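This report concerns only the one structure given below.
We name chains A, B, ... by the order of the sequence lines, and we start the count at 1 in each one. Side-chain atoms are counted along with the backbone in the values below, which use heavy atoms only and exclude waters and symmetry mates.
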Amino acid sequence: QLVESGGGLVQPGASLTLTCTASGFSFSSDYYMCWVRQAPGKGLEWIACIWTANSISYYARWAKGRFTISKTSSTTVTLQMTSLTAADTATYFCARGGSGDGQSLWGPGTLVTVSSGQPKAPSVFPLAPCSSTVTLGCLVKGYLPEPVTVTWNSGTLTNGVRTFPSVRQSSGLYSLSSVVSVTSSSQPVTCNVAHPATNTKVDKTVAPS
Amino acid sequence: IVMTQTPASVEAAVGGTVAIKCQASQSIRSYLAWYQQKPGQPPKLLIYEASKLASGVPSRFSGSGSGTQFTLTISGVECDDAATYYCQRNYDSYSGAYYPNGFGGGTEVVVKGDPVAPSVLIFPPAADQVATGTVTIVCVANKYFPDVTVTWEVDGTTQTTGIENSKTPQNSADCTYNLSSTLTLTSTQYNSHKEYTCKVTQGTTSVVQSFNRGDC
């Protein structure tokens, strides 16, 4: 498969290099390795492709002069980015295509956040009403950058979880909620919240009322 | 070469057919790909060389066209098909290479399923929020279709700021949404008022949940 790495929070004006790492196949076989980005809530945007056999590269007209694509080994391709702006905030994907046959293989993406400010850890607050069935949850408030991870009962609680998309508030900080529906026969529910950018780890058991 | 998709968004009934258009400003023959992207996931290849289905793609997806004008059709729409669809140029005539490159702008497909009225929950702020200087009240609208609008009133005054809305993607099985609406105020503002109301409206129907800062 494919895995992107290198994303994180950077200031406007920064440079940054991302890496796309291949497993199970080799860039010594003939493929186009490409980078595609997607700003939050916007469309896919092609950046550049490289032909792994000879390193011939092709660039979007907005990228040439500011982004560089490179084959650095038989398992890695990089994307060097310079003079970053807030509008470069996006998920950056690497994808593999052949000749004329689309891109069947994509990585999960790495998030690049170009913003002023500094990392901030989330506060975690329980959500409960002021009943044989009840919805409880955790509010994960005021963090930067994305992502946070939220599981319940360390991922063994299955039925009835709804984790909503994060929202970026006008302050530039994000917030996210996750709720779970339980019956009176249930055991306690614990949300496990992690914010890797700040090495934050919090477990919160939420009780009714 | 410029790639243009229309429309920007389209609503289709379960079981219906919807067609999406992609235009190239100069001919790319058959070298056009289509992708599906569900919120929070990488895109998945649907169609390559304008009409060839990728592996594992159900046959209700079809593509057509060659040159400058292309169509993606979903024949027998399912709730799972709620997604954004993109076309991609796969040929560069300057260089005569076939690498996958520029995208169209994307088309969002909304699926019209059976209507379902929302139930509503309001979550008063946990006690330790207020010492932080701000307070966030959460209102949830569960399992509903079609879309709702949310109104917050504080002591009867409609709020017009401090509000954020987040909607889960349409459910693959029943087309429904879920919605989290937050009202954020300063601790001074929160302590200055008493009644906090979340009003969820679905067409001509309204569900309201409220609490009082003294009763929790």
**Message:** Quick check: do A/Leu44 and B/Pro43 have side-chain heavy atoms less than 4.5 Å from each other?
**Reply:** yes

**Request:** State whether a side-chain donor-acceptor pair under 3.5 Å links B/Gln129 with A/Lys141.
**Result:** yes

**Item:** Flag side-chain contact, heavy atom, 4.5 Å: B/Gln202 against B/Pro146
**Value:** yes

**Message:** Please determine whether side chain to side chain donor-acceptor pair (under 3.5 Å) holds for the pair A/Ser166 and A/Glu146, giving the CA-CA distance in whole Å, both sets of side-chain angles, and the decisive distance to 0.1 Å.
**Reply:** CA-CA 9 Å; A/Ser166 66; A/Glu146 289 257 72; 2.6 Å; yes

**Message:** Whether the side chain of A/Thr52 engages the backbone of A/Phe27 through a donor-acceptor N/O pair (distance < 3.5 Å, no angle test) should be reported.
**Reply:** yes

**Fill in**
Test side-chain hydrogen bond (donor to acceptor under 3.5 Å, both in side chains), reference A/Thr151, set A/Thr156, A/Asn192, A/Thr190, output is A/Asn192

**Request:** Rounded to the nearest 0.5 Å, what's the gap from OG1 on A/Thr78 to CE on A/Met81? Could you check?
**Result:** 11.0 Å

**Asked** Measuring from B/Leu46:CG to B/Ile74:CD1, what's the distance to the nearest 0.5 Å?
**Response** 8.0 Å

**Message:** Just verifying a value: how many Å separate A/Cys49 SG and B/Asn101 CG, rounded to the nearest 0.5 Å?
**Reply:** 7.0 Å

**Asked** Do side-chain atoms of B/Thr157 reach the backbone of B/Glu153 as a donor and acceptor pair under 3.5 angstrom?
**Response** no

**Prompt:** Is it true that B/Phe211 and B/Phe123 have ring centroids separated by less than 6.0 Å?
**Reply:** no

**Message:** Less than 3.5 Å apart, any donor N or O on the side chain of A/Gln11 or A/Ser116 sitting next to an acceptor on the other?
**Reply:** no

**Request:** For residues A/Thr110 and A/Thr91, determine if any side-chain heavy atom of one lies less than 4.5 Å from a side-chain heavy atom of the other.
**Result:** no

**Message:** Side chains of A/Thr72 and A/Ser70 only: does a donor on one sit below 3.5 Å from an acceptor on the other?
**Reply:** no

**Complete:** Shortest non-hydrogen pair, B/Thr107 vs B/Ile20, comes out as OG1-CG2, 3.5 Å

**Request:** Give yes when the SG atoms of A/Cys94 and A/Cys34 are nearer than 2.5 Å, otherwise give no.
**Result:** no

**Message:** Quick check on the 6.0 Å ring-centre criterion: do A/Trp62 and A/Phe67 meet it?
**Reply:** yes

**Within-4.5 Å side-chain heavy-atom neighbours: B/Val154 and B/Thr197** = no

**Prompt:** How about A/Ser73 and A/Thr76: does a side-chain donor come under 3.5 Å of a side-chain acceptor?
**Reply:** yes

**Prompt:** Mind checking whether B/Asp114 and B/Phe145 have side chains closer than 4.5 Å, heavy atoms only?
**Reply:** no

**Asked** Hey, are A/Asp101 and B/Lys52 close enough for a salt bridge, meaning a charged N less than 4.0 Å from a carboxylate O?
**Response** no

**Request:** With the side chain counted from C-beta on, respond yes when A/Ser178 and A/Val161 share a heavy-atom pair under 4.5 Å apart, and no when they do not.
**Result:** yes

**Atom pair CD (B/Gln170) and OG (B/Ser172), whose distance is rounded to the nearest 0.5 Å** = 9.5 Å

**Item:** is_close_aromatic(A/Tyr31, A/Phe25), centroid dist under 6.0 Å
**Value:** yes

**Request:** Find the distance between OH (A/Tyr92) and CG (A/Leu111) and round it off to the nearest 0.5 Å.
**Result:** 9.5 Å

**Request:** Take B/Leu179 and B/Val148, measure what side-chain contact (heavy atoms from CB on, under 4.5 Å) needs, and give me the verdict at the end.
**Result:** CA-CA 9 Å; B/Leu179 175 74; B/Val148 302; 3.7 Å; yes

**Message:** Determine whether a donor-acceptor pair (N or O, by modelled atom type, separation under 3.5 Å) exists between the side chain of B/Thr184 and the backbone of B/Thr136.
**Reply:** no

**Message:** Suppose we call two aromatic rings close when their centres sit under 6.0 Å apart. Are A/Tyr58 and A/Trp46 close by that rule?
**Reply:** no

**Message:** A cation-pi test, strictly: NZ or CZ of A/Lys120 under 6.0 Å from the centre of the six-membered ring of A/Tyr143 and no more than 45 degrees from its axis. Yes or no?
**Reply:** no

**Asked** Given B/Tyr99, which of A/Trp35, A/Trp51, A/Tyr32 fulfils the ring-ring contact (aromatic ring centres under 6.0 Å, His included) condition?
**Response** A/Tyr32

**Prompt:** A/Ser115 and A/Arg168: side-chain donor and acceptor closer than 3.5 Å?
**Reply:** yes

**Request:** Would you kindly say whether B/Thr176 and B/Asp174 are connected by a side-chain donor-acceptor distance under 3.5 Å?
**Result:** yes

**Prompt:** Which heavy-atom pair separates A/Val140 from A/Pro122 by the least distance, and what is that distance?
**Reply:** CG1-CB, 3.5 Å

**Asked** Side-chain contact, heavy-atom cut-off 4.5 Å: A/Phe93 with A/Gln38?
**Response** yes

**Complete:** Nearest heavy-atom approach of A/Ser26 to A/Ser74 is OG-O, 3.5 Å

**Donor on one side chain, acceptor on other, A/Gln169 and A/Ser175, under 3.5 Å** = yes

**Request:** Output yes when B/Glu195 and B/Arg213 qualify as a salt bridge under the 4.0 Å nitrogen-oxygen rule, no when they do not.
**Result:** no

**Message:** For a quick test of reading the model, state the closest non-hydrogen atom pair linking A/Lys204 to A/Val124 and the distance between them.
**Reply:** CE-O, 3.4 Å

**Asked** Is it the case that B/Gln88 and B/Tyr35 place a side-chain donor and acceptor less than 3.5 Å from each other?
**Response** yes

**Worked check of side-chain contact (heavy atoms from CB on, under 4.5 Å) between A/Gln187 and A/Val189** = CA-CA 6 Å; A/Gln187 289 309 314; A/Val189 293; over 6 Å; no

**Message:** Quick check: do A/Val36 and A/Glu45 have side-chain heavy atoms less than 4.5 Å from each other?
**Reply:** no

**Item:** A/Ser181 and A/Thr135 side chains, donor-acceptor separation under 3.5 Å
**Value:** yes

**Item:** Worked verdict on A/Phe164 versus A/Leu176 for side-chain contact (heavy atoms from CB on, under 4.5 Å)
**Value:** CA-CA 7 Å; A/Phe164 297 83; A/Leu176 167 158; 5.9 Å; no

**Request:** Please test A/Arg66 against A/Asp88 for salt bridge (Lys or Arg N to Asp or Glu O under 4.0 Å), starting from the C-alpha separation and ending with a verdict.
**Result:** CA-CA 12 Å; A/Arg66 193 160 77 90; A/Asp88 297 310; 2.8 Å; yes

**Asked** Looking only at atom types and distance, does a side-chain atom of A/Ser57 sit under 3.5 Å from a main-chain N or O of A/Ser55, one as donor and one as acceptor?
**Response** yes

**Request:** Show the numbers, then the answer: is there a side-chain contact (heavy atoms from CB on, under 4.5 Å) between B/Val110 and B/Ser9?
**Result:** CA-CA 7 Å; B/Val110 173; B/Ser9 70; 5.8 Å; no

**Prompt:** Between CD1 of B/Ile47 and CG of B/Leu53, what distance do you get to the nearest 0.5 Å?
**Reply:** 4.0 Å

**Asked** What closest approach, in Å, do A/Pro147 and A/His195 show between heavy atoms, and which atom pair accounts for it?
**Response** O-CD2, 3.4 Å

**Message:** For B/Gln23 and B/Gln5, which I'm curious about, is there any donor-acceptor pair between the side chains at under 3.5 Å?
**Reply:** no

**Asked** What closest approach, in Å, do A/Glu4 and A/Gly109 show between heavy atoms, and which atom pair accounts for it?
**Response** OE1-N, 2.7 Å

**Prompt:** Going by atom types alone, do A/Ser177 and B/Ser180 pair a side-chain donor with an acceptor below 3.5 Å?
**Reply:** yes

**Item:** Residue pair B/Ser181 / B/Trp152, side-chain donor-acceptor N/O under 3.5 Å
**Value:** yes

**Item:** Distance-only donor-acceptor check, side chains A/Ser184 and A/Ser132, under 3.5 Å
**Value:** no

**Asked** Just checking, is any N or O donor in the side chain of B/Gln36 or B/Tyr85 under 3.5 Å from an acceptor N or O on the other one?
**Response** yes

**Message:** With no hydrogens and no angle check, just 3.5 Å: does a side-chain donor-acceptor pair link B/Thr201 and B/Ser206?
**Reply:** yes

